[PDB]
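Only one chain is included here, represented as structure tokens and corresponding to the form deposited without its partner chain.
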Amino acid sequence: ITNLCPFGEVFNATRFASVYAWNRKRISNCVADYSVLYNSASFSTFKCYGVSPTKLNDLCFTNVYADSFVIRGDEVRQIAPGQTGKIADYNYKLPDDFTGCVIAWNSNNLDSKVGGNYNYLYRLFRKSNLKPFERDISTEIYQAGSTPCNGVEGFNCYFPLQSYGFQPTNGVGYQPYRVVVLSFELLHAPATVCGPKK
């Protein structure tokens, strides 16, 4: 194989998914120069959960999925495997035996608007915490009250999604951070994504 990975389409695409509806891209049949990503000072976080980031160029991967979404800066701590809080509980869970990378960078000049960019949402409510790599799109009205509810709204009933209000004057931690999670599997199956060893 000789053609390079679509990392430009993953890391530089104009608009990312909302974290409740995190987008997945399958990477296959290509060369993956991870030194081009890892040497980049723009990533505020590049944490790997079953490999060293220096060794990624000496490995070949079974299948690779890149998961793309936007979150608040104080919530980037929740994307590590075994963490908990409304993002890890209700919209994006990693399994405790996750093998892969979490890569995150501040987007305040990209995702943040002087009137508030309300285009990005998270899941504020869910009957039960979601399973590893599940995604819940459903906008059924959540019921916090003891009585059942019907129609669009009620007392102690809530719309389950909430938008994040990103402004360029938000304090760091309330600014938007883009996340990419790379979720490969290693050395035990036939492989299709390759570090650039000849």
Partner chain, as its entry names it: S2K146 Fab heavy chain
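Numbering follows the first chain given and starts at 1.
The protein also exists as the form solved in complex with its partner chain; that form is not presented, and the subsequent description refers to it.
The putative spot formed by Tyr118, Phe159 and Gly171 is fully lined by its partner chain in the bound PDB entry; each residue has a non-hydrogen atom within 4.5 angstroms of it. The chain is drawn here without its partner chain; in the bound PDB entry, the stretch among 33 to 41, 130 to 138, 52 to 60, 163 to 171 whose residues come within 4.5 Å of it by any heavy atom is 163 to 171.
Its partner chain is not shown here, and in the bound PDB entry it never comes within 4.5 Å of any heavy atom of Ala88.
Put simply, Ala104 is far from its partner chain in the bound PDB entry: not one heavy atom of it is within 4.5 Å.
Using a 4.5 angstroms threshold between heavy atoms, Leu124 counts as touching its partner chain in the bound PDB entry.
In the bound PDB entry, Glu153, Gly154, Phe155, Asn156 are the residues of 138 to 156 with at least one heavy atom within 4.5 Å of its partner chain, listed from first to last.
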